[PDB]
Protein chains: 2
Amino acid sequence: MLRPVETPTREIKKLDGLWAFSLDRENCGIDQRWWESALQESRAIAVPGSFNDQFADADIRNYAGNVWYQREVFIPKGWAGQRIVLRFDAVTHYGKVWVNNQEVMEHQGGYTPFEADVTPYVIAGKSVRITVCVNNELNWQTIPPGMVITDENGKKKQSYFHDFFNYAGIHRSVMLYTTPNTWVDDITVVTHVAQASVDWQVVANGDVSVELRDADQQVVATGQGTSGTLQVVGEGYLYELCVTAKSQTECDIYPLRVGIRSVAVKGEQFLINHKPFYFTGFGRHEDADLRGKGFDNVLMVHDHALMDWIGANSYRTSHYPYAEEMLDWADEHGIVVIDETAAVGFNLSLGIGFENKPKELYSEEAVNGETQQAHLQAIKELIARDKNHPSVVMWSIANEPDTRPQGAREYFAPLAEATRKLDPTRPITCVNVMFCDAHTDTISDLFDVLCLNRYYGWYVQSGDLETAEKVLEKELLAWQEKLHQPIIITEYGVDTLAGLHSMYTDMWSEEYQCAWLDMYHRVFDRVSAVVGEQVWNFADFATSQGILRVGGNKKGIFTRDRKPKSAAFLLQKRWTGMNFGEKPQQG
Amino acid sequence: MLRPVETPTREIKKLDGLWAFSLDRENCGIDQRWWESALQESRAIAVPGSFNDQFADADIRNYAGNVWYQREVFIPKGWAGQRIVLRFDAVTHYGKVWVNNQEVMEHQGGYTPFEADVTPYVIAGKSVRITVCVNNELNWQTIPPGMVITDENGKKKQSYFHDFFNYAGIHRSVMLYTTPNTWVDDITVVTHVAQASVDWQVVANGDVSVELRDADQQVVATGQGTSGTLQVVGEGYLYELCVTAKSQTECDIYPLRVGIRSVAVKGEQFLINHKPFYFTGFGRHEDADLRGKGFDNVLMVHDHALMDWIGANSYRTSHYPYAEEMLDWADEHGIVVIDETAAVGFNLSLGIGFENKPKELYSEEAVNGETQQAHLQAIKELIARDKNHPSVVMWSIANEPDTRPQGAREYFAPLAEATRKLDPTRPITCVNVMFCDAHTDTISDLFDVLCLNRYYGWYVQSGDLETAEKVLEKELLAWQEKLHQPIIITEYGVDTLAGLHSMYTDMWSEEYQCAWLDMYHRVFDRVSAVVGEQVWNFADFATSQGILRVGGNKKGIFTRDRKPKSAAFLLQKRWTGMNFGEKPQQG
Ligand SMILES: CCC[C@@H]1NC[C@@H](O)[C@H](O)[C@H]1C(=O)O
Ligand SMILES: CCC[C@@H]1NC[C@@H](O)[C@H](O)[C@H]1C(=O)O
């Protein structure tokens, strides 16, 4: 499965915004089969957006259970001789959908599309009732995991183990799509460099021809057959190889953009086209002021303008798969992307407070075999749909897992190996949490380049930069000599509320963010193996409520409404001072 | 008159803090001679402090009229054979005081001490009732001027024409002081340099000897007689010449600290000891979070620590005489000080809004002959008590007067000339307001070095730095060629609320403060005659309420509680980058 693009392939975008929405507090929907009649006592909701914060209501915001969307649609008239298929680009956590009293789809996965042919349940020209049942619950076999808890009164409350807030709803595009009656499924392409080759595979209903055209889209070379190899002689050139499906009586044309993408890892260097690289940029989040994680074109354009100004050339889709629009953008603009799945919270050592969670991390009570297989499904879907993007430069299996407990490597080994089985073109990482240090972590052996999320001077060095530097440097050198891999610091940052200034350079002040980030920068400058720096969050984002979070995680370089803290000008001076992709040497 | 210093001269500081305080809303005090009995229905007040904000009450804060202080004191026992005299170091606007049913003092002037012998109304060992009547009203014969307005109901409301808020009360030290029965009044010293001479004058009751001792206080030379001359062979050396009064039967010793102070103005240079200088620093204010203008040692130590860190070597006592403690401090620490009197608001062209003020500035209705003589008294008192301070480097007659109307120079000429008559040792200035530009101002001819308060890019160039630079530079060159004087930019700054960040570098944001101040700095770098830069306010301060002021004037480099905005690090980088007293040349 890959993204619908239009040519003699058509669609009616159904991000019509306003659907009928209703909560299901007493779980009556399935039994009264609500999809059967117009929702009783509904309210208007926006459909590219989370349902949590759109109504300024704490009881919808913290709601756990089943919610219901509904929307009627007229199917276009020129589709009577076509297959009508219905695609949701992201339903966060779980979705099941009924096209007029007949059930059509079901899917467990919050950041990946799922589609299904409904041509035998539609006829072009008339109006059908679409009803969606969305679930936002997490158990130990979900990606990410969690524990629902039902109190004395029967009220559900969801507990989880990741920082960001558990936003849910229809966060991305809904889509009615038609394609000619022979070509259905997937295409895959792989690219090589010689210090200039390709490959093709199409799955459709008949003969296939493929022609690579360039940005002027004049044909630069053509083959036809499911496989073989053509050759050819800040932001990146994207050719376009146009694959055609000659068969039955109708032809089908699909355009797939390809970039000359190359890379594996070599010793201590993350090369690109046989070129050393330094990652600069951010751990991101899909989080905005009123839409939750809902995608929005304005926000995307503005935050790319911000990363462009600040000099970042890369980022990482922190803790879940992102809106594909962003990877198409990264394609055209030459942004380097670390693709991560929703597998966060595999750790019960991070929660901090005054408050019964399972005692053995890897076991049947928690992360079991079912968990490992749901995980492998998540990696499967992320690779299945982002495989042809040039901007995806590395896969990341999970984020900050607890690898101290027994059973950790028995769990993660088949996943690393299987993912290498899923695509050998790009490297494999697993971002490492602070407390599984160099002397302790179990799984770093299995990955190509190890990524570190370290916060010396914040969570563990009590605001004392002068010792934090020393600790961070030992640990740096230790990691490299233990694995002689490239080191990408994927998370590093401190909570700072915009407006707090202090002569004493204290924690939470803007001066402290500046000083802390630049001391980290000084040690980066001095160790061979660090090939990347991505600060911990570009903007402030929302989290669940707790004594550690003042209205959200304030570790951002920008505020939630995208206004710059002082450190935004620190980074801008450093990241645009170096030349592109090259690390500042030691002074 | 000069400050009491203790040796065989004694005192009991009466900043005992808590006095009895009462408002007099229906003007009953004088007629019921309240000083006669303990105040009826009083509340505790602090006496180094303004009465306005100490009670968190809007009706005391905006009160106009008469207020009453009271406090009983036991006179020390070892004073029975002495003159007991009572000194208030500052009663803001007007004060009259009764020592136990007998009236002893009266004074019109808010920032200068006034004292009086009350030895025949006291006897050592017993307790006396001190009652003070403090008035906070301004008319056109006050320094500064104003207009009280009585509405339909008989309620007074005070109108004035200066930015800062009209704080009042006992703002500085109260003091019981004793000195031996021969020496009463003044001493004056004058110092010269030869690319090393002095003079003396004592007024007392009998023969005088004087001996100059140095910081090790070993006598370095001695004379005796009211006059003559001795000679000798970042922060400044302060000798100490100890003047003694030999007479009657009792001797009296007064210690007066002297600094080798030198300077007049030469062409386009403000020399010091025949050395070109660049003023750096601030226009200040006496304004803090709960004391109003009340002096406080902690605040003084901290804000000197801030000016020291930031690299400022100078400041100007904006719009009234300061606490003498600060000029003693500036003495020991080598801070250069522009001494200004309370003569602000001689201008009716500055108020901006939607709201009957007199039509002719210089005339009998407003600033008349009585006004000119009250003014000359104010200059008289400021020079009379700050004449021997080395840190005072220049007198400033007034701040931002309206010189366009007819009669302006007829008013200001006898004042400039008279002040030059009051002390020829230090130069004379009159800070100039924006709208009396180089082609218009009437009085700049009469002063030694002209000081400019300019705000291009804020009040008159609508937030457009790129035109503001050009305007400011023409006007610069124009001023110099018109007078070939040194130019000290005494005010330049913009309102910026800490916390407002903006990618667009808009007005009120911290980025705009940084950009604006540094563009001003670029033009300063390029014009010969500017010999000084003092930004408009070090910290945010309170003003009266209006649509132009958000909780006060936000033009400060620091917030009112002394926290640094981003520009505090801009200035610190520039003012400590140059060497001391030398201007950065053009790049
Ligand atoms: C010490 C663990 C740090 C943690 N790392 C994972 C991110 O998802 C969180 O945002 C980050 C944080 O605490 O902000
Ligand atoms: C354009 C006149 C500016 C004015 N200059 C006098 C200062 O007393 C004020 O504080 C300052 C201001 O507006 O802030």
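Residues numbered from 1 in each chain as written, not as in the entry; some residues may be left out. Chains lettered and ligands numbered in written order. Part of a larger assembly, values for the part shown. Heavy atoms only, no water. Residues with missing side-chain atoms left out of burial classes, pairs and counts.

For this coordinate set, the PDB header names X-ray crystallography as the determination method and states a resolution of 2.6170 Å.

As annotated in the PDB entry, chain A carries the name Beta-D-glucuronidase and comes from Escherichia coli. Its official PDB title, as written in the record, is "Structure of E. coli beta-glucuronidase complex with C6-propyl uronic isofagomine". Of chain A, the UniProt comment under Sequence similarities (unreviewed entry) reads exactly: "Belongs to the glycosyl hydrolase 2 family." (UniProt positions renumbered as here; feature names shortened; annotations may be inferred.)

> Help me out: how do you make sense of the overall build of chain A in this one?
For chain A, the count of helices and strands is eight helices and 30 strands. At 24 Å, chain A has a C-alpha radius of gyration in line with the 25 Å of a compact globule built from 587 residues. Along the longest, intermediate and shortest principal axes, the C-alpha atoms of chain A span 70 × 70 × 45 Å. (Helix = DSSP H or I, 4+ residues; strand = E, 2+ residues; numbered from the N terminus. Rg over C-alpha atoms; globule rule 2.2 N^0.38 Å.)

> How do you make sense of the relation of the copies chain A and chain B when you look at a structure like this?
One copy of the chain maps onto the second through a rotation about an axis and a displacement along it. Superposing chain A onto chain B takes a rotation of 180 degrees combined with a translation of 0.0 Å along the rotation axis, leaving an RMSD of 0.0 Å. Expressed as a symmetry operation, the mapping of one chain copy onto the other fits a two-fold axis. Rotation axis and chain A: the residue whose C-alpha lies nearest the axis is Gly499(A), separated from it by 1.9 Å. Most of the interface of chain A is mirrored in chain B, where 100% of its interface residues are also at the interface. (Least-squares fit on C-alpha atoms. Contact = heavy atoms within 4.5 Å.)

> Got a minute to help me understand the interface of chain A and chain B in this structure?
A common way to report how large an interface is uses the accessible area buried once the components associate. Between chain A and chain B, the contact holds 16 residues from the first and 16 residues from the second. Buried surface at the junction of chain A and chain B, summed over both partners, amounts to about 1200 Å²; 72% is from carbon and sulfur atoms. Considering only the surface of chain A that becomes buried against chain B, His501(A), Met503(A) and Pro564(A) emerge as the three largest contributors, covering 50% of it. Seen at the junction of chain A and chain B, the total is zero salt bridges. Joining chain A to chain B, the criterion identifies four residue pairs in polar contact. For the side of chain A that touches chain B, the secondary-structure elements that each account for two or more residues are α2 (297-310) and α7 (510-526) of chain A. (Buried area = accessible area lost by both parts, 1.4 Å probe. Salt bridge = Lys/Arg side-chain N within 4 Å of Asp/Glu carboxyl O. Polar contact = N/O pair within 3.5 Å; in protein donor to acceptor, adjacent residues only side chain to side chain.)

> So what exactly am I meant to see when it comes to the site of ligand 2 here?
Residue and element names in this part refer to chain B. Within the structure, ligand 2 sits among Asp163, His319, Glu400, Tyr455, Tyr459, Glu491, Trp536, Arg549, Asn553 and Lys555. Separating an oxygen atom of ligand 2 from a side-chain N or O atom of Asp163 is a distance of 2.9 Å. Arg549 places a side-chain nitrogen or oxygen 3.0 Å from an oxygen atom of ligand 2. The fraction of the free accessible surface of ligand 2 (360 Å²) that becomes covered by protein chains is 92%. (Near = heavy atom within 4 Å. Areas by Shrake-Rupley, 256 points an atom, 1.4 Å probe, with all protein chains shown as cover.)

> How do you make sense of unusual backbone geometry when you look at a structure like this?
Here the amide bond leading from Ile143(A) into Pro144(A) is cis, since omega sits at 5 degrees, within 30 degrees of zero. Secondary-structure assignment places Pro144(A) in the loop between β10 (127-135) and β11 (146-150). One non-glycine residue, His484(B), lies in the positive phi region at around 45 degrees. With respect to the element layout, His484(B) can be found in the loop between α6 (465-483) and β29 (487-491). The partly exposed category is assigned to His484(B), whose relative accessible area is 48%. (Buried < 20%, exposed > 50% of the residue type's maximum accessible area, 1.4 Å probe, protein only.)

> What exactly am I supposed to notice about the packing of α2(A) against helix α3 (residues 324-333) of chain A here?
All names here are of chain A. Axis separation between α2 and α3 bottoms out at 11 Å; the angle between their running directions is 40 degrees. Viewed along their axes, α2 and α3 adopt a mutual orientation that is oblique. In this structure, α2 crosses over α3, and the sense of that crossing is right-handed. Where α2 approaches α3, its residues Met300, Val301 and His304 are matched on the opposing element by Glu325, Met326 and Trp329. (Axes fitted to C-alpha atoms, helices over the stretch in contact; angles between N-to-C directions. Parallel < 35°, antiparallel > 145°, perpendicular 65-115°, else oblique. Left-handed = near helix turned anticlockwise from the far one by under 90°.)

> Explain the site of ligand 1 to me, please; I cannot follow it from the model alone.
All names here are of chain A. The local shell around ligand 1 consists of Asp163, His319, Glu400, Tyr455, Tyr459, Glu491, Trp536, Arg549, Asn553 and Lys555. Take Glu400: an N or O atom from its side chain is 2.8 Å from a nitrogen atom of ligand 1. Within the side chain of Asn553, a nitrogen or oxygen atom sits 3.4 Å from an oxygen atom of ligand 1. Calculation on ligand 1 without its partners gives an accessible area of 350 Å², and the protein chains cover 92% of this total.

> Where do I start with the domain arrangement of chain A in this structure?
Residues and elements named next belong to chain A. Structurally, chain A comprises domain 1 (10-179), domain 2 (187-257) and domain 3 (265-577). Contact with domain 1, which involves 29 residues of that partner, is made by 45 residues of domain 3. Split into classes, the residues belonging to the side of domain 1 that touches domain 3 amount to 13 nonpolar, nine polar and seven charged. (Domains from an automatic or database assignment. Nonpolar A, V, L, I, M, F, W, Y, C, P; charged D, E, K, R; others polar.)

> What exactly am I supposed to notice about α2(A) here?
Residue and element names in this part refer to chain A. Taking 1.5 Å per residue as the helical rise, α2 with its 14 residues ought to reach 20 Å, and the 20 Å between its terminal C-alpha atoms agrees with that figure. Buried positions along α2 lie against β23 (279-283), β24 (314-316), α3 and α8 (567-575). Regarding α2, its N-cap is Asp296, as a side-chain oxygen of that residue lies 3.2 Å from the backbone nitrogen of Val298 further along. Once α2 ends, the next one or two residues include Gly311, with phi positive near 100 degrees. (Expected span 1.5 Å × (residues − 1).)

> Which parts of the structure should I look at to understand the nonpolar core?
Side chains of nonpolar character tend, in soluble globular proteins, to be buried together. Core analysis: the largest hydrophobic core is formed by 92 residues, its most contacted members being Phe282(B), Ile310(B), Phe524(B) and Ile557(B). The leading source of residues in this core is helix α7 (residues 510-526) of chain B, at eight residues. Two domains each provide a minimum of three residues to this core, namely domain 1 (10-179) and domain 3 (265-577) of chain B. Other than its neighbours up to four places away in sequence, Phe524(B) contacts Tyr278(B), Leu472(B), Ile489(B), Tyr492(B), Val530(B), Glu533(B) and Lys583(B). Among the nonpolar cores identified, the runner-up in size contains 91 residues, and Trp140(A), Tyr278(A), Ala323(A) and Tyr456(A) belong to it. (Core = buried A, V, L, I, M, F, W, Y, C linked by side-chain atoms within 4.5 Å.)

> Help me understand a nonpolar patch on the surface in this model?
On the surface, a cluster of nonpolar side chains totalling about 320 Å² of accessible area is made up of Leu350(A), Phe435(A), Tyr459(A) and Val460(A). Among the structural elements, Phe435(A) can be located in the loop between β27 (428-431) and β28 (450-453). (Patch = residues over 30% accessible without salt bridge, like charges linked within 9 Å, V, L, I, M, F, W, Y side chains within 5 Å.)

> Which parts of the structure should I look at to understand the side chain of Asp441(A)?
Residues and elements named next belong to chain A. Within the secondary structure layout, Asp441 lies in the loop between β27 and β28. Buried charged residue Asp441 carries no salt bridge. Nearest counter-charge: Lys482, at 5.8 Å. Engagement of the side chain of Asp441 in a polar contact is seen with the backbone nitrogen of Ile443, the distance being 3.1 Å. Other than its neighbours up to four places away in sequence, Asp441 contacts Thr403, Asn432, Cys436, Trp479 and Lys482. (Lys, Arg positive; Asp, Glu negative; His and termini not counted.)

> I'm lost on the pattern of salt bridges in this one. Help?
Opposite charge on two side chains makes pairing possible when the charged atoms of those side chains draw close. Residues and elements named next belong to chain A. On inspection of all chains with the given rule, the structure shows 66 salt bridges over all chains. Here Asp303 and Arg284 are joined by a salt bridge, their closest N and O atoms 3.7 Å apart. With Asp303 in helix α2 and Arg284 in the loop between β23 and α2, the pair connects residues that are 19 residues apart, well separated along the chain. With a shortest N-O distance of 3.1 Å, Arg526 and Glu469 are connected by a salt bridge.

> Hey, could you run me through the sheet that holds strand β3 (residues 43-45) of chain A in this one?
Strand pairing in a sheet relies on backbone hydrogen bonds, with the paired strands running either antiparallel or parallel. Residues and elements named next belong to chain A. As summarised here, the arrangement of the six strands in space is β3-β2-β4-β10-β7-β8, forming an open sheet in which the pairing is antiparallel. What marks the edges here is a single partner per strand, and that holds for β3 and β8 (102-108). With direction set aside, neighbouring strand axes in the sheet form an average angle of 30 degrees. (Pairing = 2+ DSSP bridges.)

> Help me understand the packing of aromatic side chains, please; the structure alone is not making it clear to me.
Think of a pair of aromatic rings as described by two things: how far the centres are apart, and how the planes are tilted against each other in angle. Per the counting criterion, the structure on display carries 72 aromatic pairs over all chains. The interplanar angle of 80 degrees and the centroid separation of 5.2 Å between the aromatic rings of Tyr492(A) and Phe524(A) together place this pair among those described as edge-to-face. Pair noted here: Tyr492(A) is in the loop between β29 (487-491) and α7 and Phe524(A) is in helix α7, with a separation of 32 residues, a long-range link. On the basis of relative accessible area, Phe524(A) is assigned to the buried category, the value being 0%. For the ring pair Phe21(B) and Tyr69(B), a centre distance of 5.4 Å and an interplane angle of 75 degrees mean the geometry is edge-to-face. Here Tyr69(B) lies in strand β4 (residues 66-74) and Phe21(B) lies in strand β2 (residues 19-24), a separation of 48 residues in the sequence. Residue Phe21(B) shares its accessibility class with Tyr69(B), and that shared class is buried. Residue placement shows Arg61(A) over the ring face of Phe165(A); its charged tip is 3.9 Å from the ring centre. (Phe/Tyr/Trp six-rings, centres within 6.5 Å; stacked < 30°, edge-to-face > 60°. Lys NZ or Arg CZ within 6 Å of the ring centre and 35° of its normal.)

> Whenever I open this one, the packing of helix α4 (residues 369-386) of chain A against helix α5 (residues 408-422) of chain A confuses me. Can you help?
Residue and element names in this part refer to chain A. Between α4 and α5, the least distance of the axes is 10 Å, while the angle of their chain directions is 25 degrees. When the interaxial angle is binned, α4 and α5 end up roughly parallel. Handedness of the crossing formed by α4 with α5: right-handed. Packed against α4, whose contacting residues are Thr371, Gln372, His375, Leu376, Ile379, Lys380 and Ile383, the element α5 presents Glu410, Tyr411, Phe412, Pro414, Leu415, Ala418, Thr419 and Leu422 at the interface. The class makeup of the residues in the contact of α4 with α5 is nine nonpolar, four polar and two charged.

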